[PDB]
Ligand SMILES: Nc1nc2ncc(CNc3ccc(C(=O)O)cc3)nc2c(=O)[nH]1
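Given next, in structure tokens, is a single chain: the form solved without this ligand.
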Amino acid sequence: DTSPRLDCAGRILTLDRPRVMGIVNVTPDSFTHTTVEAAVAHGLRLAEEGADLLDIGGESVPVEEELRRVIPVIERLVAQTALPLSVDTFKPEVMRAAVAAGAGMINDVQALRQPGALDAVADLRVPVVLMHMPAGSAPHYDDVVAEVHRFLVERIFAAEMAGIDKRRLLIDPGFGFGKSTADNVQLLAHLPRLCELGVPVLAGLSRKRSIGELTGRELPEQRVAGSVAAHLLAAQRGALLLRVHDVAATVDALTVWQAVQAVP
């Protein structure tokens, strides 16, 4: 009826069409002052490439170590871009410190299952992404689509009962290593069924192993074409946020699709 309007601490994200969330990782890789400077420059590049929002993450660690990584990046990007900023964390104290520093959204891989996380997000009144998460083999699911659906309903309801408004919830089926290639494809094929839980859906298949397995592409930067295709397919199947590394390419694909879809 009404397109979702997300107030990310004053920076508005309108989901009248799929929006692109650019990935900004702040994790030392032995190549952290130099890590912070590189993360900020990367966020500015993704903003130039047309990102609708940036997702800043400092994990792959104690709260104080996560804060030393993400807080300087948030403070600099809040000052140097106009984009909504999301922070990737499952720890409530990081959620509170990040929002105080300027973050406007929380992307939580644990779907607020960390003790205190429900109360933090209810207090902070920012949007939150609830992800499904259950290396070696992925777990076996009898019906991955039904299981992810059941889990996300439970987490949506727990968040509402903790006082988090439904209009601030997003869900993410958790494409990636908690699923086999076949289960990731099932979740993508049946994504419209998860879009009917009354909340916007985020899809993040960027450079993931399943894309590599489908296309025979061993390294993450070789998986760009397949990832852009997966994200276009997810948007066609109802996803409203796409979490990507390759921002300019994804924006281009979505723009061509939007022009075609606009024809009656």
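We number the residues from 1 along the sequence you see.
There is another form of this protein, the form solved in complex with this ligand, and it is not shown here; the text below is about that form.
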Place this ligand on this chain by superposition, using its pose in the deposited bound form; is the pocket open, or blocked by 3 or more ligand atoms lying within 2.4 Å of backbone or C-beta atoms? open
Picking from 70-78, 145-153, 94-102, 169-177, which part of the chain touches this ligand in the deposited bound form when contact means heavy atoms within 4.5 Å? 169-177
Under a 4.5 Å heavy atom criterion, is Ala234 part of the interface with this ligand in the deposited bound form? no
Using heavy atoms and a 4.5 Å limit, would one call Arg217 a contact residue for this ligand in the deposited bound form? no
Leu202, heavy atom within 4.5 angstroms of this ligand in the deposited bound form: yes
Would you classify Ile164 as touching this ligand in the deposited bound form, given a 4.5 Å non-hydrogen atom cut-off? no
Heavy atom within 4.5 Å of this ligand in the deposited bound form: which of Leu188, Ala158, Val109, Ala122 fits that? Just give me the one. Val109
Exactly one of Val126, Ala117, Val129, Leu83 comes within 4.5 Å of this ligand in the deposited bound form through a heavy atom, and that residue is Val129
Pick out the residues of 58-96 whose heavy atoms come within 4.5 Å of this ligand in the deposited bound form. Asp88
